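Number of protein chains: 4
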Amino acid sequence: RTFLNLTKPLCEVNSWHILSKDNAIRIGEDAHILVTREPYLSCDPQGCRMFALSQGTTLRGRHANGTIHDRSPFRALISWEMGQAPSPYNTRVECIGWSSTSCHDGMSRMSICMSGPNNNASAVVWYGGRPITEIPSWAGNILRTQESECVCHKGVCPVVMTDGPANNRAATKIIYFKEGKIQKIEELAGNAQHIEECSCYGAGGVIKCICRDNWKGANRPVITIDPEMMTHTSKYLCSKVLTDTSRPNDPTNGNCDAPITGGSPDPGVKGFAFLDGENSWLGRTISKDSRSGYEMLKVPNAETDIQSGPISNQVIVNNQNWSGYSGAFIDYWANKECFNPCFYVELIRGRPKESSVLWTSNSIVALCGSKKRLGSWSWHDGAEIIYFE
Amino acid sequence: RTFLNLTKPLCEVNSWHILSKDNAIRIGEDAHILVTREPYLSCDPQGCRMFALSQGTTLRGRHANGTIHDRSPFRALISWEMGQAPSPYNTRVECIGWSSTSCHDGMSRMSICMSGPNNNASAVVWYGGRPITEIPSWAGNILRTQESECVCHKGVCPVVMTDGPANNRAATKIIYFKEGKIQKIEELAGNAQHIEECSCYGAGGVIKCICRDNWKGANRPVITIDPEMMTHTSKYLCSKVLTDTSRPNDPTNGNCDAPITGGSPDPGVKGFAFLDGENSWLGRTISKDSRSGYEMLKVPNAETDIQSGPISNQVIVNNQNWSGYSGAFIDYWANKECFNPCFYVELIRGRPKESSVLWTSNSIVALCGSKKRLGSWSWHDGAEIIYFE
Amino acid sequence: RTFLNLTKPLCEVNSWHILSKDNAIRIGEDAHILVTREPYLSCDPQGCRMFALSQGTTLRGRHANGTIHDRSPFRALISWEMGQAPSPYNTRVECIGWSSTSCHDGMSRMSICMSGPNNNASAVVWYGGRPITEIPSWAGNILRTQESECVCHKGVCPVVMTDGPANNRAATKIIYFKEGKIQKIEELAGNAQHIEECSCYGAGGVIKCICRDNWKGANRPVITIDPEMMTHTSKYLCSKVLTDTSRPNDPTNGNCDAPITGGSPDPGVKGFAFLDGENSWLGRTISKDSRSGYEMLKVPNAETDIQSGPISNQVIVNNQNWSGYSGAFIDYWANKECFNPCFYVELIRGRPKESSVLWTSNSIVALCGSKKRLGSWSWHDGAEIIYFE
Amino acid sequence: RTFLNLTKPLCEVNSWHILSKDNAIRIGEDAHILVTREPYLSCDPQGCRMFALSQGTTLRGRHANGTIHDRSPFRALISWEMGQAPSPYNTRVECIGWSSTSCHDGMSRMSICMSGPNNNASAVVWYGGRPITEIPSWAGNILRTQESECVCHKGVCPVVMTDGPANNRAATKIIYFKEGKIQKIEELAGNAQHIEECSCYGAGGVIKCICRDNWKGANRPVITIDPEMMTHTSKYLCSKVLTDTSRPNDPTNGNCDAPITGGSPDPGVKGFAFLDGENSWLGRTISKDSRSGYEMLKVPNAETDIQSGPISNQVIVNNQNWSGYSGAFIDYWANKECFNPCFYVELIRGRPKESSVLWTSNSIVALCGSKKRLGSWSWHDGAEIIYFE
Ligand SMILES: *[C@@H]1O[C@H](CO)[C@@H](O[C@@H]2O[C@H](CO)[C@@H](O[C@@H]3O[C@H](CO[C@H]4O[C@H](CO)[C@@H](O)[C@H](O)[C@@H]4O)[C@@H](O)[C@H](O[C@H]4O[C@H](CO)[C@@H](O)[C@H](O)[C@@H]4O[C@H]4O[C@H](CO)[C@@H](O)[C@H](O)[C@@H]4O)[C@@H]3O)[C@H](O)[C@H]2NC(C)=O)[C@H](O)[C@H]1NC(C)=O
Ligand SMILES: *[C@@H]1O[C@H](CO)[C@@H](O[C@@H]2O[C@H](CO)[C@@H](O)[C@H](O)[C@H]2NC(C)=O)[C@H](O)[C@H]1NC(C)=O
Ligand SMILES: *[C@@H]1O[C@H](CO)[C@@H](O)[C@H](O)[C@H]1NC(C)=O
Ligand SMILES: [Ca+2]
Ligand SMILES: [Ca+2]
Ligand SMILES: [Ca+2]
Ligand SMILES: [Ca+2]
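Residue numbers (full-length UniProt numbering), protein chains in the order written: chain A, 82 to 470; chain B, 82 to 470; chain C, 82 to 470; chain D, 82 to 470.
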């Protein structure tokens, strides 16, 4: 084994093929399946695994009552074999807490969890299954991180974190790790005005993080990171195709260097994009208002062109079904000439959209790029809420 | 580890001994057992595994309701240790979809799943647990495959696929894979008029696939494949002993080169045969109308002689019990000078034949050849439907 | 790895220490635990495992109804990590059937299961997890074997099998296996008049099997096997201390060469003994009539002296609790200069003795020798039958 | 690959970070989770595991009724992957009994369990999964041991055991093991007047065991062990900060060489401390009467200074929540220059404090030292007792 180096370009992508689906809510109606939210996937030289924040209870259990609540001492980052649903029997605890990221550097896995009260949270950084570093809150307001995978290059794994208000200017930092140890800490610089829940991927020696501006923008901030120099720049996705939720109608032109505001009633959702000239794809909920549906839009030069619009689309989840967070990952250890973009959509079931149940949970679907023009259908959660009533 | 070569002849078979039985429906009455159908077994250097298409629900779960339906976004190919029943806790997801095949080449396992809507399905081809190739539907009508194992020789694994009507001429192809990559594609040639759900095995450098003509024939198509030249020929099993379901009474003579028009009310069922001159064995349901019972018939020269009839028989499942699909596999890595034929029978329970329950599932029984003359009994599913009422 | 040989002597035993207990019935009252009976343990270079014949249903499942019945197509030999209870999720299917034995030769494990109808049963012999040999019934009346571990010496593993009446003269054979292949078959020789369910162990290059005479004797047959010459002799335990169930009161003298009759209402139970001159121990149920209680008695020269009586005792299961079958095993791979005797007791719950439930199952306790004088208590099953009503 | 040597010093500790939490009671309200008590953690070269004494029943099972009872034939030491909750499906049985210790010497794991009746208990000492040695009771009154990990140096692992009354003078021994074999036995010497349930850790070639005086002292006894010379001394923690439960108010001065008595109604609880001059931390329940709350107190020179008081505190469990036993462990195989203190708190639920249920069980939280000043949260058992009514 050797350190992963981000030497390869992104693969050409013309459509998206099915990678995995865990059907967790369908199965968890009867089997012992943990309540989760904030899922993702991350790979290593041996393959890929699903990750999520457990609520420390099963879905049918009486303790599922109240799991709309985001932060508790009963949450933990868990991982499991891709495709399986998360049970108490097949899940690995990565760290304890209510916000996370994880990535493999080619040698071992780094996992990070924040826990604690809102005014006094702390991150614990784990490497190869052991705790290495702890980081106290710097702003006394919910120190928190990506909720999808980090990316490593020559053993250096940058991680984006935020501490401060969700609805105003906050203190975002990029922390550069190696074997779980802090190499360098940078304050956020550039034109992004607020940063949450970054979705990051690497290609051609550059890491790109596509994030959530919870304060103003319905356009997504983009942080571009040089993992060798350990420096970064930031701005917004230039395209007029707005990809946060809630958002207004797409304007005539986007804005590379400032938020495009508007939309109702919610300030943001975790999301992602792959940005590679003509080979650029933006995910978004189909609804401009709610976390419903999910579509992939091929928008050439989305990163640079304020007039860029879609040239193709693929519906991943139809607009009659619930979605949620979405994020980027790549199997960097695949036997391929290029790094092939993948993504997941979190399929939220229960509260607040479905208030006939006392709980909130999700299932997962994941897809990767194809150079072919593949047919598509909706990969919605598939559980019947009435069965849980 | 090296590539498997089909260098051995088939073992002499006089009797069939019990290999495995999972008793999934009996166990699943109380334990967390996934709803399945279209099962099979496939082996590798280390041992043998059971495979099936999950319905993404447990048997006692409320989502078992409606599982008569063949195609949904909640289906997946799953595999598990031979003999165990399939639960959410002991199963590996091989790929996502509603039609599959899988085989080990001696180095790693190739698995293929079709998914998507009827008019726009796609295959994803996996190797060593990673996605390698995607294949779009070529005829826009349920792109689909074997529902039992493929077979490999010197790294080349041919797979039979069909796209188009189930009740008319369709577009069948033989696709030759190596490490999940397409080496060659041939259109079906020869005298077989319709091809579904091929059951395939190898011996003496030749692969034979015994299939289901869903259009006209109650006699089964036979495809003979040279995996070195990557060429094939096709025709029908010659024997008067007709092996599809439904079928009419066995005629005075079979027909090597044309379908013999069937019985009532089913157009076909997946089945298999081992064809080796005198050492030839044909499986079929005992009922000529329906998926009930299962028998093995030794029919010397079934492949070449229209007058060939049985010289011995073994009842596998009595005709008072439900059967289903059946298929071939071989433990190619056994410590034996010959390749010993094995088969499974899918034991279907619930709908449509048992409509007092809302679900359709199955269990599995598997047997392999013996040179001895062994006694037999019926290996029926064994669950009491009344318990599920 | 190397083939095990049996050159070492038996360790001195002055009392018995607890090795394992699975509490299967206690746990299975509310967890998914398989119905079993006929358990045992067997070891290999890595450790020891528990074995039993599953009934192919959970204990709380509706299919547990009727599990008094000994033989069905839904039974299989399952193994699992010592001390765990047997669930559908942690058990390995060794083979399919309703009578078994198993042993490790130092290189791989051999497992044998009989299945089929009473008049036409057959054994399948597995080695290293693959089927090797099949053996048809020779007398047409429930071909059957030890229900505890066999024993191997320099690759040769003898197994005692019986085919014929349970209540009169039957056809017993010793079959000598190597790598699952038949080396030699011998008809039973000597003065034992009937043989069932042998409990076997090795020491000093010799295998002793202590069996059950179901026809006449309340004293136990003893078969002495030389695994190098592949020959055997047979007689009865000489001691006046009678160890089958049912049995009469112990007489003033035993009989080395004929069955001692008497006892009511049961013709026999599987049991065991370790016979090593002054270092000899006999197990038996505490009740003379019924399968209740269990005691270990140190009976110097039990194998050779008709007047031999106990010089020490250890109650293993008190006489207010149900026992069942018992048998011998040894960890032949321990880091010791001698082979230390171990045994298990099957703790039967449910029918026929506990008729308030519809099922029959068991749990397991296992103990090994100590040279120390250890205190003792009763290791009964521990479940409350009322909880299952 | 090598025997652990206790060469490294203790790391500097300024606050405590979360390591693991299993949330067993919350999860076990619906999933199949074993009833336990007396938990701990122990690590090896590969990772850390949770340990506890099972009660041989699940929490929702009818057999959970009466599990306040400490000693039965149905208890066993089980271990499982750190962070998971203990189920019948993911737990390894280490040994059978109702008092235990375990530790890894760098090569293999030693586990010890006591079992049997009060007047005649015995220990069985296991090494690398096999039984090695048995020790009969020397005082005929509940032979018993640490209930948390032992510590090894150059293959020698000392273990503190007690036999005799809980409420008067008893017979304590230190037994030095290597590969599970007794190297030396010492009678307790020094000023400690009664010893129970030692919590032990090593640093700089010295092992320090912080114990429970159940006879007199509310201050904790401290046994100091030289694992090379295999010798020891004993006394009490000097600090006026009393750390047993029940205890009186902290006096003006502690006493290094004799018990500080008082407190009501209970004579003791298992506890721990790390003692390293200025770098010294004492755990205790927040309540001086009952097993509620848990606090860590930095008490410089607690081991040597009768006037030493706290200079910092961290609430681990709030005083509105139930706690229980606590103990020391260290990941001796961490990639760090110093050994980092860790500890766990047992979070007892059910009887006798919560008598609305018929059972007694626990969950686990574990924390390790940080050199940082981290914020803190209460890590209580998050279950709602009403859900179990
Ligand atoms: C314990 O298990 C054993 C295995 O050792 C099992 O063996 C089986 O026994 C039966 C006979 O009992 C064998 O049955 C034979 O099967 C063939 C083929 O049958 C299929 O096809 C025919 C035609 O379509 C169907 O009617 C039939 O239902 C099957 O689907 C038949 O051709 C055989 O018929 C001949 O033998 C009969 C006597 O056995 C005659 O009565 C009959 O007239 C036929 O005779 C002619 O051929 C004989 C040569 O086989 C010859 O001896 C005669 O002189 C004459 O020319 C027959 O029905 C079956 O193959 C065996 N299976 C295996 C795997 O070995 C035992 O029966 C069972 N024992 C028990 C229960 O105690
Ligand atoms: C039985 O097995 C033992 C243990 O493997 C063999 O012991 C070896 O004996 C030879 C002398 O015959 C010594 O040189 C070796 O050092 C021994 N090996 C060990 C690891 O103890 C023994 O040879 C075997 N006996 C037979 C006849 O097979
Ligand atoms: C148990 O099985 C017997 C025999 O089939 C049947 O009479 C009875 O109804 C069954 N009882 C239950 C409760 O399933
Ligand atoms: Ca926004
Ligand atoms: Ca047909
Ligand atoms: Ca008898
Ligand atoms: Ca005390």
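Just so you know, even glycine gets a beta-carbon here, dropped at the ideal spot from N, CA and C.
At least one beta carbon of chain D lies nearer than 9 Å to the beta carbon of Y170 of chain C. For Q127 of chain C, the closest alpha carbon among the candidates C:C419, C:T226, C:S189 is that of C:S189. In the three-state DSSP reduction, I466 of chain C falls in the helix class (H, G or I).
By alpha-carbon distance to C290 of chain B, the top candidate from B:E427, B:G450, B:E110, B:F355 is B:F355.
The Cβ-Cβ distance between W219 of chain B and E175 of chain B does not fall below 9 Å. Inter-residue distance for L318 of chain D and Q401 of chain D is about 28 Å (C-alpha atoms, whole angstroms).
Collapsing the DSSP output to three states places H313 of chain C in a strand.
Scanning the segment 251-319 of chain B for uninterrupted beta strand (DSSP E) segments of 3 residues or longer gives 252-259, 262-268, 277-284, 287-293, 302-307, 312-317, listed from N- to C-terminal end. In summary, the residues of the segment 87-116 of chain B whose CB is separated from some CB of chain A by less than 7 Å are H113, in the order they occur in the chain. Residue environment analysis places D370 of chain D among the exposed positions, since fewer than 16 neighbouring C-beta atoms fall within 10 angstroms of its C-beta.
Look at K297 of chain C: its beta carbon is less than 8 Å from one of the heavy atoms in ligand 6. Segment contact: the segment 178-185 of chain C against the segment 141-161 of chain C, three or more CB-CB distances shorter than 8 Å; contact assigned. Contact of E215 of chain A with chain D is assigned, a C-beta pair being separated by under 9 Å. Taking non-hydrogen atoms of ligand 4 into account, the C-beta of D325 of chain A is found less than 8 Å away from one of them.
When only Cα atoms are considered, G142 of chain B and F469 of chain A end up about 11 Å apart.
Under the three-state reduction of DSSP, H98 of chain A is assigned to strand. Between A383 of chain A and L363 of chain A, the C-beta spacing is below 9 Å.
Close to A464 of chain B, with beta-carbon spacing below 8 Å, are these residues of chain C in chain order: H144. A145 of chain B and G209 of chain D have their C-alpha atoms spaced approximately 45 Å apart.
At least one heavy atom of ligand 7 falls within 8 Å of the beta-carbon of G349 of chain D. If you check the C-beta of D370 of chain D against ligand 7, you find no heavy atom less than 8 Å away.
Looking at D:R152, D:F132, D:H150, D:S168, the one whose alpha-carbon comes closest to that of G109 of chain D is D:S168. Take the alpha-carbon of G164 of chain C and the one of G187 of chain D: they are about 25 Å apart.
Here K417 of chain D is exposed: its Cβ has fewer than 16 other Cβ atoms, across all protein chains shown, within 10 Å. The C-beta of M310 of chain B has fewer than 16 other C-beta atoms within 10 Å across all chains shown, which makes the residue exposed.
If you ignore the 5 residues before and after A112 of chain B, its C-beta comes within less than 8 Å of the C-beta of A166, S168, all in its own chain and listed in chain order. With the criterion set as a beta carbon lying under 7 Å from some beta carbon of chain A, the members of the segment 440-454 of chain D are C449, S451, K453, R454, in sequence order. Counted as a single uninterrupted DSSP element, the beta strand (DSSP E) harbouring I193 of chain A occupies residues 190-196.
Each of C:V94, C:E268, C:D412 was checked against the Cα of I256 of chain C, and the nearest Cα belongs to C:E268. With respect to the 9 Å criterion, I392 of chain A and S457 of chain A are not classified as neighbours on the basis of their beta carbons. Beta-bridge partners of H234 of chain A (DSSP): A:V237.
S327 of chain C counts as buried, since at least 16 other C-beta atoms from the protein chains shown sit within 10 angstroms of its C-beta.
In this structure, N86 of chain C has its beta carbon less than 8 Å from a heavy atom of ligand 2. Taking C-alpha positions only, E162 of chain C is separated from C129 of chain C by approximately 7 Å. When the Cα atoms are used, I216 of chain D and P329 of chain D turn out to be separated by approximately 37 Å.
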